[PDB]
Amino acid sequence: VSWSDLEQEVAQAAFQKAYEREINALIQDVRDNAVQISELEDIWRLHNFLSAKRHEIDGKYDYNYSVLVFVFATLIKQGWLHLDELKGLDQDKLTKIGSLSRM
């Protein structure tokens, strides 16, 4: 509850940063797989991968301030974001989000 005007600006920032980082990494993966595709089973493994990733990406980047404390905590736990990049938020948030990365 309660997000400043610039807290909202630094939130969108850290969101789009971790977002772009993960998309690009995905973009490389789908490329680096086009090489080792020999059998049809390799295509099914690519389909399965695109399924799992699409489901995670569509539901993980939920820009909703009421759960955005949990979203950021995940990204931190996955390396797509560090507390250093959320610099600008109130302190209970930074302290809270941190405690949630290791939970």
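The numbering used is simple: start at 1 and walk along the sequence shown.
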ask   = Considering only modelled residues of the same chain, in which third does the CA B-factor of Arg45 rank: lowest, middle or highest?
value = lowest
note = Of the three thirds of Cα B-factor ranks in this chain, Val69 occupies the middle
ask   = Based on the entry's values, in what third of the chain does the Cα temperature factor of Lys17 lie: lowest, middle or highest?
value = middle
ask   = According to the PDB entry, is the CA B factor of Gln28 in the bottom, middle or top third of its chain, that is, lowest, middle or highest?
value = middle
Modelled-residue ranking by C-alpha temperature factor, third containing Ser101 = highest
